[PDB]
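Chemist: Have a look at this one before I ask anything.
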Amino acid sequence: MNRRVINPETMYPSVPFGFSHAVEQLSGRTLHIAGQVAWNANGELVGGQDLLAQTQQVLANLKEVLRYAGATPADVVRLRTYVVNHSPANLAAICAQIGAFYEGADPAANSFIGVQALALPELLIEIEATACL
Amino acid sequence: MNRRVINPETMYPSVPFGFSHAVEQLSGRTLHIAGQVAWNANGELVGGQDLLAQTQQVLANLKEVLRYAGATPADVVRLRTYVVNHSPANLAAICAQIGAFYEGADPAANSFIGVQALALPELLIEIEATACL
Amino acid sequence: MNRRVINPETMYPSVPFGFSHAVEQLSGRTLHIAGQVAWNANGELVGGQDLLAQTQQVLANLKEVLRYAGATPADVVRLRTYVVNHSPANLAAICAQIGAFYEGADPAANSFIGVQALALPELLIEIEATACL
């Protein structure tokens, strides 16, 4: 509909990792969503020190900001994933969760970055998104 | 005018932190500004090893690139903030400075990332921006 | 053609570093390319533990995704560069390689971020791109 996904035969398969190599955006209106973080609406921390749990709250927050603006995850054109003290042992789970975030749609482009810190120590993952309308 | 800001009632309040949860861009022309850095026009370092001081130079540089392209900070649709050896004790100041960067406009979306290094050791903060026209 | 580059006289010269301070995108169709990584089409690692070598594979991958979508590097509006355990001694080489990636076109905007890790330990550099059509 709004976007078209590009996964070249000449490239390694990315969708097992929960992303597409590129998304073409043909629509004009773009929505830029700030980096989301494992906070509820009172700014309380969802998940404790479990990355997997925090990752769910982030996705939920993304989905909610999307909804509020009139979009769904299928409208997402690009993700960026920022993880604190990243360990390859959590990678599978994170890919699974981002893959599931698209609720069956082709996955957007992603970048997976292991950072040193987020805004506050309690924060373990941040995901930002771009979508079209 | 060019952009519309989105801050859901169902989300924690972001504008105290100097960003909005999402910016809708309705214009067609987008301006992509490279990560700015605490350098003056001779590539000399403004600020010494004070993050706060370097952060001012970066904002100034952003504002200047904006001006040169025909835009203002109110036109900014998204920021990304990269901080070296980030400590939560500087967070308040950084939010204050980015908040003030919009000169009264609703703040754009931001992501706050604590990185390991920038291009050179002397560099302590980098902020990139996207805006519309 | 598709994009216009902006390098203010009032700013330090960026093109020696292989980027422009800002790119104006006048076209409507945007292409978002996921962070590319030193993998061939079988997901095998190109480059071993040499950053320079891995950096070539990444650029090649970017160029290929571009080609597949119908674009060239001259169409690139913005790069983001993520480097693991970055050392300023590799900076010159990386700038040279990104500079050459545009095959003579004015270089896009870039951000150079020294990260803690990528998706897997073997990975040493990741570059994502945005382009227009």
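Within each chain, counting starts at residue 1; across the structure tokens, chains are named A, B, ... in the order shown, with ligands numbered 1 upward in that order.
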Give the residues of chain C that lie within 6 Å of chain B; count only C-alpha atoms, and format the answer as a list in words.

Modeler: residues 11, 12, 21, 22, 23, 24, 25, 26, 88, 109, 110, 111, 112, 113, 114, 115 and 116 of chain C

Chemist: For the residues in the current selection, export C-alpha atoms as a short mmCIF file (atom, residue, chain, number, x, y, z; two decimals), in the first residue's frame.

Modeler:
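Contents of again_29.cif, freshly written:
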data_model
loop_
_atom_site.label_atom_id
_atom_site.label_comp_id
_atom_site.auth_asym_id
_atom_site.auth_seq_id
_atom_site.Cartn_x
_atom_site.Cartn_y
_atom_site.Cartn_z
CA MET C 11 31.29 26.24 8.57
CA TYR C 12 34.39 24.12 8.67
CA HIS C 21 26.95 19.30 6.12
CA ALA C 22 23.47 18.85 4.71
CA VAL C 23 21.62 17.36 1.76
CA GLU C 24 18.34 18.84 0.55
CA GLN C 25 15.98 16.18 -0.83
CA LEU C 26 13.48 17.61 -3.29
CA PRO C 88 41.17 7.70 15.60
CA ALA C 109 25.54 13.83 5.08
CA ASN C 110 27.14 11.38 7.49
CA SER C 111 27.32 10.71 11.21
CA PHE C 112 30.29 8.86 12.66
CA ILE C 113 29.48 6.98 15.85
CA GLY C 114 31.83 4.83 17.91
CA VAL C 115 29.66 2.10 19.37
CA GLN C 116 30.24 -0.64 21.94
#

Chemist: Considering only strand (DSSP E or B) as DSSP defines it on the backbone, what residues of chain C qualify? List them as a PyMOL selection string.

Modeler: chain C and resi 3-6+22-25+30-37+39+45+76-84+109+112-115+117+125-132

Chemist: Using only C-alpha atoms, determine which residues lie at most 10 Å from residue 105 in chain A, disregarding the query and same-chain residues fewer than 4 positions distant; provide the list as a PyMOL selection string.

Modeler: chain A and resi 72-76+99-101

Chemist: Mind checking DSSP for chain C and telling me the helix (DSSP H, G or I) residues as a ChimeraX atom specification?

Modeler: /C:15-17,51-69,73-75,88-101
